[PDB]
Amino acid sequence: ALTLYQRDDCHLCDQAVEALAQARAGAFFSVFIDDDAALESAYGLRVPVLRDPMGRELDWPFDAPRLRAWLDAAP
């Protein structure tokens with residue numbers, strides 16, 4: 001499963017969600033940075049950001065082909 005770091009009320013984050021569906025990425029779980037100072041400082045200017053089990057990260061912007069390619073480029 002992937003980890004999608006995002007914040008509440010963000011069009012870019014909603015778009016990442018759609019990219020995950022269109023690229024047919026597998027399972028993913030959202031982690032909202034809003035109430036986490038540490039996550040805010042680390043991803044506050046980058047969200048939405050995708051992170052895989054290996055620890056690799058893909059920062060917005062990314063469309064279906066970039067996402068699907070990033071996934072297939074692992075590990």
# chains A, B, ... in the order shown; residues from 1 in each chain; ligands from 1
>>> residues_around(residues="residue 2 in chain A", least_positions_apart="6", cutoff="8 Å", atoms="only C-alpha atoms", output="count of residues only")
8
>>> residues_around(residues="range 59-70 of chain A", least_positions_apart="5", cutoff="10 Å", atoms="only C-alpha atoms", output="number ranges by chain")
A: 5, 12-13, 15-16, 18-25, 43, 46-51, 75
>>> closest_residue(among="A:4, A:71, A:58, A:17", to="residue 31 in chain A", atoms="only C-alpha atoms")
A:4
>>> select_by_dssp(residues="chain A", states="strand (DSSP E or B)", output="list in words")
residues 2, 3, 4, 5, 6, 28, 29, 30, 31, 32, 49, 50, 51, 57, 58 and 59 of chain A
>>> select_by_dssp(residues="chain A", states="helix (DSSP H, G or I)", output="VMD selection string")
chain A and resid 11 to 22 37 to 43 64 to 72
>>> residues_around(residues="residue 8 in chain A", least_positions_apart="3", cutoff="9 Å", atoms="only C-alpha atoms", output="list in words")
residues 13, 32, 33 and 34 of chain A
